[PDB]
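Below: the sequence, then the experimentally determined structure.
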Amino acid sequence: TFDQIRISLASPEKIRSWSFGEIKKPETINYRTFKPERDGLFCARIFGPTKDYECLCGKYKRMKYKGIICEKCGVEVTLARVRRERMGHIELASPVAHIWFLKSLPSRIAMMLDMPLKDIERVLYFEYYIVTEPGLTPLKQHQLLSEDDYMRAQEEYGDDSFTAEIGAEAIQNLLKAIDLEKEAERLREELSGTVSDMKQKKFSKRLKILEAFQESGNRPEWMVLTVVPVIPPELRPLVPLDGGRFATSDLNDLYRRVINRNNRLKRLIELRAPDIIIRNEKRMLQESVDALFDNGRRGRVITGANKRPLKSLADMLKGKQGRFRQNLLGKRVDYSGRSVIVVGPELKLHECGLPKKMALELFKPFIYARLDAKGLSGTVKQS
Amino acid sequence: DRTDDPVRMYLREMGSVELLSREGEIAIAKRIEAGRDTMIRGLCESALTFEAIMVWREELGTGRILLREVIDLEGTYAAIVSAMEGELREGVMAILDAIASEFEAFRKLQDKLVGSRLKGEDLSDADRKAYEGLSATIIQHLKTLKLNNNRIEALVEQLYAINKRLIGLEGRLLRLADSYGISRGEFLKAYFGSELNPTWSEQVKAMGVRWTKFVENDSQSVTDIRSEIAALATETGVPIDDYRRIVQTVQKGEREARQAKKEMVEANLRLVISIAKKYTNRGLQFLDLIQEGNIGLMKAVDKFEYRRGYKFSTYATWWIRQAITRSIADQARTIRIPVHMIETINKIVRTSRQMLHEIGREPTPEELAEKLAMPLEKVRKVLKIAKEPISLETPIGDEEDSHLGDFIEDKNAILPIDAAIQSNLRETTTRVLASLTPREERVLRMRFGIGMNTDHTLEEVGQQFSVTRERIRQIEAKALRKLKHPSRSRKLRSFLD
Amino acid sequence: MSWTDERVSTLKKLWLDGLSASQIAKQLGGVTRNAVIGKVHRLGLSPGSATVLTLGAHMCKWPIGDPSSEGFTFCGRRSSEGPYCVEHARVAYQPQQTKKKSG
Amino acid sequence: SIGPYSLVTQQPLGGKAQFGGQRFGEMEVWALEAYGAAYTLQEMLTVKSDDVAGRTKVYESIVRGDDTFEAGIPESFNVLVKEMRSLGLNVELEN
Amino acid sequence: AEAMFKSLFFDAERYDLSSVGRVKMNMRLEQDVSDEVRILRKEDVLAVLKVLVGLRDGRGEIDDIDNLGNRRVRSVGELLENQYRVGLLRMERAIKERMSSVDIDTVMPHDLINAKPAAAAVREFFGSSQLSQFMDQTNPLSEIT
Amino acid sequence: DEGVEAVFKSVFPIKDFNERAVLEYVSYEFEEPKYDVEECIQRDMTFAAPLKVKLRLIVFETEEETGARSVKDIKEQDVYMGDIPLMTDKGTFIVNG
Amino acid sequence: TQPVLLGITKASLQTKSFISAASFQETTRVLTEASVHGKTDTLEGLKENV
Ligand SMILES: [Zn+2]
Ligand SMILES: [Zn+2]
C-alpha cells in the first residue's frame, strides 16, 4: 500500500541512485541480428534481459536460477517485467537549465534574486557576459556587460578580483551562492511598514517562493539539472510490425539526438577547439535538452521524414496520452459488447432482450464454471 | 532583438567577427611553422628529454620501434614501402653511433651537477668548460634528428606533467605565504635566486624583519617543501638552471601555434556552410552538419603545407565532405549501419537505376549479382533492410486522432484463458499422481520438475537413489506405462488435443 | 603447428609484453595469422625588429622570410587590437570587403 | 470477453477490427460516481483492463466458482509515475 | 537589406500572382494592366492606400469575404500543377547543385538528372492528401455526387 | 497557362554562372500506358503514362565571351520522367487497386 | 478577513491536491507550481481514488 504521495525536485544524487547504468552509445539494435546493444538505448545489461528467465548468448537459458549473472554476456536472468521498471541516466558535460522552470508563465528562476527574464535568456544563449564577485574596481556585480569590448577592453583592471562567467554555469553559480534565510529575513522586514503600491506584488511572490524552497528541503541549485534520466525500454517500444518493417516511438529520436550532441561536446572539449565552436555546441546541447522535455516553448523540432511535430514528454501527458481521458480516467473495458437497439412491448420494465451471440461471448467464464460444477465436462481446456 | 534561433545566432557571430584573407593563409602557415620550430628548439634540453628518450634509443638493433617508429620516414627521405626505407635503417644506425658519444658525455656529470645544486655550493667553470661543448655537440646532434610527432608529443606531455607538479607546489607555497600578505612576484623571484642555498628560508628572515611573527610556520613548511622538491628534482629530474624560462618558452610556442590555428580555422569558418548546405534532409539537422563540418575543418587545418594545392579551400573541401558524409551515415540512419554496408547499398541502387534506365523496364536481382560480381545470397541479403521505421505517433486516420499506437497488438502478453488452463493442468497432474507407488512417483517428480524448480538428470537422481544409473530408466518406463492406461489418463488426454 | 601447453603460454607472454600481431605467428612457427587472432580472442585478454621569442602583447605578428631559414623575425611594432600590423592588415585580409546575403 | 491487449498501456485494444473493447468514457465514470456504486467502478477500472497481475486472478476465480477479486494498483498509474520520474520532478511514494 | 525588400514583393519567383488575381484587382481598382505583370506594381500600393483613405471617411462599400464572387474553386488540375511545379523546382535546385561537380565539357544529357527528384512529390499527392480521399463507390448515385 | 508545359516554360533553363551551361526545353511526349485498367485493378498497379521530355544540353554561353559554343549541333537528348496517373472516362484516378 | 469569490475554473487552480488539478487544467503550470512547494497529496478527493 501507499499513501500521502509527495512530489518535489529530484537531485542528481537521487537520479544516479535510480539509474543502474550510464548510456554512452546511441545504438538501438543491430541490423544483422535484432538484439540489444552494449550501451545503446535498448540494453539488456542496463534494463534487464529481454526473454523471461533466459539470458543472452545462450549460456543460462535453463530458467532454473534467477540470481546468477552471465560472465561473458553481462546480464542477469530476470523476467521481462523488470525491463519496464529499470531507468537509465545520461551524463552531461555542461549544465543545462530546465525548460519548465524557465519558459513557464511565472518565471521561477527570474523570481529569485530579482532577475528579469529578458536578462536570463541572454546569459543562457551565450550572448552576453555576467559579472559576479566585484572588487574595488568598476563593473559592479550584476553588471551584465553586453558587448565583448566590456569583457576584454573594459577588463583592463587586473586578472584578479573580477570573475565573469557565461552560460548555464553562470545561473548555476548564482543559484548556489544565493541564500534563503538572509533573503527571507530581509523581505520580511521590508514587507512590514511599506506603502505597498507596486513593490508588494513582487515581494509577496518572492517571499512565498523563498519560504517554499526553505521548508520543502529543496535547494535552489536543483533547477539546472546535470544528469537526465531515460525512460525504461518499455514505454518507447520498438516492436517489429508485420512485413519486417519496424515501428518505433518518437521518444527515441530525442534521446538519440541528446546523446549525439553530448558525445560531440565531449569530443570538442578533449580536442581543445576554439571558443566559438565550443559555445555553439553547448548552445545546441542545451536546446536539445530543453526541447526533449516540452518541444513547444522553443522552436519546433520536426523530423526530416515525417511532416508532423514530435511528441515530447510534456505533450504526451497533456491531452493525448495524459491522465485526462486516455489512460487514467477513461480506458477500454473488456466483458462488453455493442449492438443496435429495438423496441419490445412484451418485455417487462426490468427485463431487456439480449442476443444469443453476445450472451454466449460475454458469459464464457460463467459457462465454463457451470459446466465444471454441473459435471457435464471435465478439463477446462476440454470445456 | 530577440531571435530564438541557434543557427541564426551562430551565423551572426561568425559573420560579425570573421573575414577573408588570400595571402593571410600563407602568414598563418608561416606562424604555425615558426611555433613548431620554437617548440622543437625548447623541447630539446639536457637531462630531461635526452636521457628520457635515450632509454628507448638503447633498445635499438631489433627493428621494433627504434626505426620507422620514433622517427618519421617521409621527412628523412625528403632530406636525402618494403623496398623503400632500406637506407633509413643504416642512417638511424649511423645517427645512433654518432650520438653514443653525446650520451656517454654528461651522463656521469648530471649526477654531480644535481648534487652540487642540491647542496648549494657555487659551481665553478672547471666542469662548465666541458659541459658547454658537450651541450653544443648534443644539441647539434639532436637538431639533425627530425623526430616524428608522437615522440615529441609524449615528451611535451611529460614536460607538462612536470610543470603541473611544479605549479602545484608553487600554488601551495603561495597559499601558505599569502596568509601573511606576501606577493607572488617578490616571493617567486627570491625562491628562484636563492633555490640552491639550503638555508634560504632562514637567511631571508634578516631582511624580512616584519616576517618574524610567522617565520616559525614559514620555516616549518618551506624546509620540508624544498626537501620534497629537491628530492623530486634529483630522483629523475634535471637541475633548474633557470628552468622556468625553458618550461615557459615551449608554453609560449604552443600558445602561439594554437592561436594561429584558431585564427586560421575562424577565417575559413564560412567555407563549411557552403558545403553543408548541399547535404540537407538526410536525417541530420543543419546545426549538427555545421558542427561536423567545423570538426572536419579543424582536423584538416593541422596538416597543410606548400604542396601543389596552394589554396587552403582545395584541401579543406575534401576533409569537410568526408566529415559530413561519414557522420550522416551513423546518426541519421537511426540504426547501426556500417560504412561498407551503406556504400554497397548506394552502389547497388546506382547500378539498378542505371540498368532500369538504359536496359529495360526493371533490373532483376538475379542479373544484379553478375553485374556487380557478387554472390546471389549476398545481393539478396542486401535488400530488405527495413530502413527508417515508421513512427508510432503517425496519425493513421485522416484526422489528428486514431494514431498508429492503438492499432498494435502485444505478443509477449499472455491471455488469462491460457493461464487458467495451466492451473487446471497443474492440479490434474497431482490428482493423477496418486495411484502410483511412492518410489515411482518420487523418481518421476525428481526427473521431471513438477514441484521442483531445478531439474535433475538421470545420474543426479541416481546418486541420491539406490539405483545408480540403470534401473532408473526401468522405473520411469514402468511409471509411464502405468499412466498410459485410459482409465487413469482419461481426464489428462484432453490437454494434448 | 601445435597447441600444447607451452604454445599458449608463449603466445600469451608475447601478446602481453608487446609485439606486432602479424609477426606473432611467424615467430612461433607453423601457426598462421588467423589462428593467433582466434586464440587471443577465444582465450581472452586482448627584416623585422623582434624574433619569435621576444614577442609581447600588442605587437605585429606578420612573418617575414622562412621559419626554417637562418633569419626569421616579425615586424614588432604598434599593432594593438589586431594580430597583424596596419601596413599588412590591408594586404592580408580580403581588400574591398563586399559581401551580403539573406537572413 | 478476452482479447489482445495494448503494447505500452497494457489495456484492451479498441475498434471492432480485432476484438475491440467498449471504452468506458470519462462521462460514464461520473454516472457511477453519482450512484452509490463504489465496487462496480473500482473493479471495472483496475482488474478488468488496468491490472495485469490480478487480471488472471479474477478469471481463475470465475472458472473455479468463487466470486472474489483483488486489485493492488493499475498499470496506467505506474506508467504515469515512470513518466514523471523521467523529468526533473521527484514522485516518490510514502507509507 | 536592399535585396530582401526587392525579393519580398518585387520578385517573380518569390511573389507570384495569378492572372485571376490581377483581373480581380483591376476590376476592384482600375489599372489597365493585366495578364502581363505578375509582381506587385509600385503604383498599385499607392492606389490601394488612396482607396483606403477614401473609404475611411465614407463614400465606400466594404467587400464581404463570404460572397461567392470572391471564392474560386481549385480542381485537381491546379493542385497537381502546383505540386509538379514544386517538384520541378526541387529538381532544378538539385541539378544546379550537381552540375558543378561533374565536368560539363565532353559530357552528354540523361546523366546529370535525378531519376526521381519530383516523382515522389506527385506520388505523395494521390497517396496522402486531405483532398484526395477514398472513393464512395456504393451505388450509381454516389459515384456522381 | 496550365499543365506541365506551363511550369516548363516558367523555368526551363537550369543555368549556372560558374560554368555558363543552360538546359533548354523543346517539347514533351506521352507514351501509351503499360497496363490497362482491367489489369491495373487486379494487379494492384498504378494506372499512369510515362512522361518523356526533350532537353538540349548545348549552351550559347562560352569562354572568353565568344559566340556559338564548340558544339554547334545541340544535344537533343530524351530524359525519362516519372509517370503521372491518367484520368479514366468516369474520372476515378485509379492510382492503386 | 472577509471571504473572496472566484470562478469555477480557478477554483481548481489553487486546490490542495495537485492530482485533481493536473487532470483538468494544464499539466505544465500545475506540476511546476506543486514541484517547488512539494505538496503531498492525501488521496481524499474522488478523482485521486479513481
Ligand atoms: Zn549470457
Ligand atoms: Zn607586419
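Noted; the coordinates are in hand. Numbers count the residues shown, from 1 in each chain, chains lettered A, B, ... in the order given. Ligands and ions are numbered 1, 2, ... in the order given.

before we move on, which element is the residue in the stretch 251-400 of chain B that chain D sits nearest to in?
In the stretch 251-400 of chain B, the residue found nearest to chain D is residue B:392; the distance is 8.7 Å by CB to the nearest CB. For every residue, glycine as well, the C-beta is placed using N, CA and C. Using DSSP states H and E, residue B:392 sits within no helix or strand.

That one contacts residue A:252, doesn't it?
No. In this structure, residue B:392 is not within contact of residue A:252 by CB atoms under 8 Å, at 9.7 Å.

contacting residues around the residue of the stretch 251-400 of chain B closest to chain D?
Neighbouring residues of residue B:392 by CB atoms under 8 Å, 6 or more residues apart in numbering or on different chains: A:237, A:247-250, B:403-405, B:408.

Also residue B:382?
Going by CB under 8 Å, 6+ apart, residue B:382 touches B:344-345, B:348.

The residue lying closest to residue D:69 once chain neighbours are set aside: neighbour count?
Closest residue to residue D:69 in three dimensions, ignoring its sequence neighbours and counting by CB to CB, 6 or more residues apart in numbering or on different chains: residue D:58, at 4.4 Å. By other CB atoms under 10 Å in any protein chain shown, 21 other residues sit near residue D:58.

Now do residue D:58 against residue B:416, distance only.
8 Å (CB to CB, to the nearest Å).

Check residue B:398 too.
Counting by CB to CB, the gap from residue B:398 to residue B:416 is 36 Å.

just the strands in chain A please.
Counting by DSSP state E, residue ranges of the strands within chain A are A:3-9, A:88-91, A:130-132, A:163-165, A:227-230, A:331-332.

Chain G: which of those is closest?
Of all the strands of chain A, strand A:3-9 sits nearest to chain G, with 4.0 Å by CB to the nearest CB.

Name the residues of that closest one that are buried.
Neighbour-count burial for strand A:3-9, with 16 or more other CB atoms under 10 Å in any protein chain shown as criterion, is recorded at A:5, A:7-9.

pull the CA atoms of it into PDB?
What follows is strand A:3-9, C-alpha atoms only, in PDB (Å, rounded to 0.1, in the frame of the first residue of the first chain):
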ATOM      1  CA  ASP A   3      -0.500   7.000   0.900                       C
ATOM      2  CA  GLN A   4       0.500  10.700   1.000                       C
ATOM      3  CA  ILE A   5       2.000  11.000  -2.400                       C
ATOM      4  CA  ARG A   6       4.700  13.600  -2.400                       C
ATOM      5  CA  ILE A   7       6.300  15.300  -5.400                       C
ATOM      6  CA  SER A   8       9.400  17.600  -5.400                       C
ATOM      7  CA  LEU A   9      12.600  18.300  -7.200                       C
END
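
buried ones in the helix ranked longest in chain E?
Ranked by residue count and defined by DSSP state H, the top helix of chain E is helix E:76-98. The neighbour-count check on helix E:76-98 (16+ other CB under 10 Å) flags E:80-81, E:83-85, E:87-89, E:91-92, E:94-95 as buried.

ok, now stretch A:307-319?
Going by neighbour count (16+ other CB under 10 Å), the buried part of stretch A:307-319 is A:310-317.

That stretch spans what distance, first to last residue?
End-to-end span of stretch A:307-319 (CA to CA, to the nearest Å): 20 Å.

Equivalent analysis for stretch E:126-144, please.
By CA to CA, the extent of stretch E:126-144 from end to end equals 20 Å.

anything in that stretch near chain F?
Yes. Counting by CB under 8 Å from any CB of the partner chain, contacts between stretch E:126-144 and chain F involve E:126-127, E:132, E:135, E:143.

Looking at those, which is nearest residue A:164?
residue E:127 (56.7 Å; CB to CB).

State the distance from the closest residue to that closest one other than its chain neighbours to residue E:111.
Excluding the flanking residues, the one nearest residue E:127 by CB to CB, 6+ apart is residue F:95, at 7.2 Å. Applying CB to CB, the value for residue F:95 to residue E:111 is 30 Å.

how would you label residue B:435: helix, strand or coil?
What DSSP: H, G, I helix; E, B strand; the rest coil gives for residue B:435 is coil.

Pick out whichever of residue B:398 and residue B:416 has more residues nearby.
Each of residue B:398 and residue B:416 has its neighbours counted (other CB under 10 Å); residue B:416 has more, 21 against 12.

Is the more buried one in contact with residue D:53, as I believe?
No. Using CB under 8 Å, residue B:416 is not in contact with residue D:53, being 11.0 Å away.

on contacts alone, who are the packing partners of the strand or helix carrying residue B:97?
Using DSSP H and E, residue B:97 falls within helix B:87-104. For helix B:87-104, the packing partners by 3 or more CB pairs under 8 Å, 6 or more residues apart in numbering or on different chains; DSSP states H and E come out as helix B:50-57, helix B:73-79, helix B:128-143.
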